[PDB]
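A short worksheet on the structure shown next.
So basically every Cβ, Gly included, is an ideal-geometry build from the backbone, and we count neighbours across all protein chains shown. Just so it is clear, none of the values below were taken in a lab; they were calculated from the coordinates.
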Amino acid sequence: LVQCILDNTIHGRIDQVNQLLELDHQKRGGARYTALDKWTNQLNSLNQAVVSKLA
Amino acid sequence: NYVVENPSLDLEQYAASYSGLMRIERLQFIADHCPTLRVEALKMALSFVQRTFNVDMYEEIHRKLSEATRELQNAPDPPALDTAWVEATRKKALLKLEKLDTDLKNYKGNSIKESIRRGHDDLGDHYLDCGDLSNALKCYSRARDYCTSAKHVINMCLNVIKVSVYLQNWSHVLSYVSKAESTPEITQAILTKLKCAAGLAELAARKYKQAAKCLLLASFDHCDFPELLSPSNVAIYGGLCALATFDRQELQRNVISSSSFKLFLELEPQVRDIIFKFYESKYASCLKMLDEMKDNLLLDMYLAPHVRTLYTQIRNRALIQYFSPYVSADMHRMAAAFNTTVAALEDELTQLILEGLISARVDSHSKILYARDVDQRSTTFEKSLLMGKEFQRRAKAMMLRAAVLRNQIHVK
């Protein structure tokens, strides 16, 4: 299991205390909010830099 | 700033593998950095430096050996330099050097470019043997002026690299490697030698990624390369740099595809086993053998500070790779994956979290390391609200700035 997870074949992680293998189901299927957040911060900081330079 | 104590270094093999001024420098480094063995190292160094008519470094090594012998005469309670060596060596060296100079300057009156280049290369070799670095550099430069063919350019590059290695002018080494590689349309394997030189120069300049990449392309067919670096140390350097910089998939791909580092790891089975345990999550044995290689190569010509940084990076990467496949890992088990204690592992994990690239939380109650997987939305909303507050605050500030300018407000 460790070798498989190291090879990125398994999208999951191991709980050795309880002899357990927990997989990240990643059923959300999103990652659009990450792009939105990057777009939000980069351009708002871009706007702040432009306003400071223009004044 | 350096110098440690460690036994079990094999002086004979390490001295015989290298040869030339490189061997002299390595023997001097081993003697100066390894006490309780400096006696035999200095004796062998003086025995070999007497060969090929050295002058000043011979005086330094003789003084060091005399001091060491005097030290030996007081602990269990100094050799003569045979100053006739000065006379005979100086006489013979002067005679042959002036004969060669006369021949070369007569050839300069004959005006042949290739002959002048070859004579200047011979003069540079003679000066390097005599212990004249700057003189050899000037001879090799007057040779570089009179180049005719691609092989002449290659020989010039090799000579300049060899000289600047001793001069520690690694910038010249890198420039000449680039010149010898990029120019002539990038059985006789010269590119392997050039890549070895570039890799060693980069490692001496505190570079690990590009140095490892250059070493990976070095084929074992080169075999004999004693003027710069022995194949065993080349394998050690490549393995250490790859372990420190290349992650698991990159490690596997490069080592397998190179097919020459397979042989190199065959020469050095310790590094091969360490890399295999790194891939197979056996970091305890990996790091104990790493400490063994530590004590073994702490007195290497160009390794010590670089290898210390490499080992720090190696242990950090080992911890990062070990915790990565787990969302809730017991710190007892993680500490048992090495000889470290619970407290030291906890401190190292805290330092890694502070630096980053582990993304973890330390539940010190049960000593379990929980990975951090935070929802993007909660972080996104928090920083978006902070941005809006900052935008409003900057909106106020710019709004304020228009006040002092429209109403002409300033210090009189």
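Annotations for the structure displayed:
- The protein assembly as shown - mean residue ellipticity at 222 nm from DSSP helices (-39,500 (n - 2.57) per run, n ≥ 4, rounded to 500): -22000 deg cm²/dmol
- Label-point separation, B:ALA343 to A:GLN19 (7 Å along Cα→Cβ), nm: 3.4 nm
- The value for region B:1-94 of Rg(Cα) / (2.2 N^0.38 Å) is 1.14.
- Kirkwood Rh, angstrom, chain B [1 / mean 1/r, Cα pairs]: 25.9 Å
- Distances between every pair of Cα atoms in the protein assembly as shown, grouped in 20 Å steps from 0 to the bin holding the largest one, split as 18, 38, 28, 15, 2 percent.
- The coefficient of translational diffusion for region B:308-402, derived via Stokes-Einstein from the alpha carbon Kirkwood radius under 25 °C and 0.890 mPa s, stands at 153 µm²/s.
- Here's how it looks for A:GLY12: its modeled amide H is under 5 Å from those of A:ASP24, which are all 5 or more places away or on a different chain.
- Cut-off 9 Å between beta-carbons: net charge of the residues surrounding B:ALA371, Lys and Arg +1, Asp and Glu -1: +2
- Dimensionless Rg ratio for region B:303-350, taking C-alpha atoms and the 2.2 N^0.38 Å reference: 1.25
- Taking only the alpha carbons of region B:347-412, we obtain Rg and Dmax values of 22.2, 67 Å in that order.
- With R₀ fixed at 56 Å, the C-beta to C-beta distance from B:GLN351 to B:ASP129 puts the FRET efficiency at about 0.65.
- Charge sum, other residues only, whose C-beta stays under 10 Å from A:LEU21's C-beta, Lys/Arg counted +1 and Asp/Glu -1: -1
- ³J(HN,Hα) computed for each position of region B:272-288 - Karplus, 6.51 cos²θ - 1.76 cosθ + 1.60, integer Hz, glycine/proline x: 4, 5, 4, 5, 5, 5, 4, 5, 9, 6, 10, 4, 5, 5, 3, 6, 5
- Helix A:32-54 and the long axis of chain A differ in direction by around 30°, with both axes built from C-alpha atoms.
- Derived scalar couplings between HN and Hα for region B:365-382 equal 4, 8, 6, 10, 8, 9, 6, 9, 10, 8, 5, 5, 4, 4, 5, 4, 5, 5 Hz in order, rounded to whole Hz, by the Karplus curve 6.51 cos²θ - 1.76 cosθ + 1.60 (θ = phi - 60°), x for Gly and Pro.
- Principal axes of region B:72-138: Cα extent on each, largest first, Å: 67, 22, 13
- Close amide H contacts of B:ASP330 (hydrogens built in the peptide plane, cut-off under 5 Å, sequence separation of 5 or more or a different chain): A:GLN16, A:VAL17, B:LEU369.
- Summed side-chain charge close to B:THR380 - residues other than B:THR380 whose Cβ falls under 13 Å, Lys, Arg +1, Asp, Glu -1: +1
- Listed by Cβ neighbour count within 10 Å, with the fewest neighbours leading, B:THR52, B:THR245 appear as B:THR52, B:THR245.
- Residue order, fewest to most surrounding Cβ atoms within 10 angstrom, among B:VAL374, B:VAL86: B:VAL374, B:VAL86
- Fewest-first ranking of B:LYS64, B:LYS113, using other Cβ atoms within 10 Å as the exposure measure: B:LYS113, B:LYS64
- For A:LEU21, distant residues with modelled amide H under 5 Å away: A:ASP15
- Remark: region B:339-347, residue by residue, has Karplus-estimated 3J(HN,Hα) of 7, 6, 7, 5, 5, 5, 4, 4, 5 Hz, where x stands for each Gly or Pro and the curve is 6.51 cos²θ - 1.76 cosθ + 1.60 at θ = phi - 60°.
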